[PDB]
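The working numbering numbers the first residue of the sequence shown as 8 and each following residue consecutively. Structure first, then comments.
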Amino acid sequence: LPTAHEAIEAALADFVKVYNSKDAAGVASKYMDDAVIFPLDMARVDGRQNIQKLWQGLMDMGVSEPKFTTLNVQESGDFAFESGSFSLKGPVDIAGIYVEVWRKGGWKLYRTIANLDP
Ligand SMILES: C=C1CC[C@H](O)C/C1=C/C=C1\CCC[C@]2(C)[C@@H]([C@H](C)CCCC(C)(C)O)CC[C@@H]12
């Protein structure tokens with residue numbers, strides 16, 4: 008049987024592929040339009056337009072090799088709840104942990120909360 012864990016790993020594999028193609032609109036299309044990203048102790052990023060700008064900004068400054076490790080996923084109603092970790096390479100390691108909620112749009116990101124390691 009298929010698990011939500013496996014479905015979310017597949018969605019994030021595609022996320023990474025689209026990021027590496029420098030397609031920020033493509034990345035942003037994997038979010039709900041009213042999605043929000045809350046990087047702790049930093050400014051919240053609200054809505055798909057601003058989320059596109061975030062990922063575009065990371066592309067432009069040369070951030071590369073995103074890796075997302077899905078640690079736990081549960082499914083409930085139209086939603087998937089995920090714990091994971093992330094690392095990216097910047098011109099240095101950019102790494103941390105997140106929880107996020109996906110909604111069946113195909114799974115799409117709705118809420119992300121993330122912390123960058125101190
Ligand atoms: C360090 C840099 C590079 C230097 C910049 O000036 C500040 C900065 C921002 C990085 C961000 C902030 C927003 C949240 C981000 C983008 C994290 C994502 C939300 C991680 C979760 C990714 C996903 C798709 C699993 O949900 C990764 C890096 C974080």
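All C-beta atoms in this analysis are idealised placements derived from N, C-alpha and C, irrespective of residue type, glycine included.
Other residues of its chain near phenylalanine 88: CB distance less than 6 Å, five sequence neighbours each side excluded: Taking the first residue of the sequence shown as 1, we reach residue 88 at position 81. If we look at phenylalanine 88 and ignore the five residues flanking it on each side, its Cβ neighbours are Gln81, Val108.
Start-to-end residues for the alpha helix (DSSP H) that takes in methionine 66: Residue mapping note: residue 66 aligns to position 59 of the sequence shown, counting from 1. Start and end: 55-67.
Quick check: does the Cβ of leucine 78 come within less than 7 Å of any heavy atom belonging to ligand 1? Within the sequence shown, numbered from 1, the residue matching residue 78 stands at position 71. Outside the cutoff, so no.
Please classify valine 25: does DSSP put it in a helix, a strand, or coil? By one-based count along the sequence shown, residue 25 stands at place 18. Helix at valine 25.
For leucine 47, three-class secondary structure by DSSP: What you label residue 47 is simply residue 40 of the sequence shown in a count that begins at 1. In this structure, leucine 47 counts as coil in the three-state DSSP scheme.
Would you call the CB atoms of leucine 123 and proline 46 closer than 8 Å? Here residue 123 corresponds to residue number 116 of the sequence shown, with the count starting at 1. Here residue 46 corresponds to residue number 39 of the sequence shown, with the count starting at 1. Contact flag set, yes.
Spell out the partners DSSP gives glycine 91 in its beta bridges. Your numbering for residue 91 matches position 84 in the sequence shown. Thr77, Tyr105.
Assign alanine 42 to one of two classes, buried (16 or more other C-beta atoms within 10 Å of its C-beta) or exposed (fewer than that). Against the sequence shown, residue 42 aligns to sequence position 35. Counting Cβ neighbours within 10 Å, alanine 42 comes out buried, since at least 16 surround it.
Going straight from the alpha carbon of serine 28 to that of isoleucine 58, what length do you get? For the purposes of this step, residue 28 is taken as residue 21 along the sequence shown, with counting starting at 1. For the purposes of this step, residue 58 is taken as residue 51 along the sequence shown, with counting starting at 1. Those two C-alpha atoms are separated by around 17 Å.
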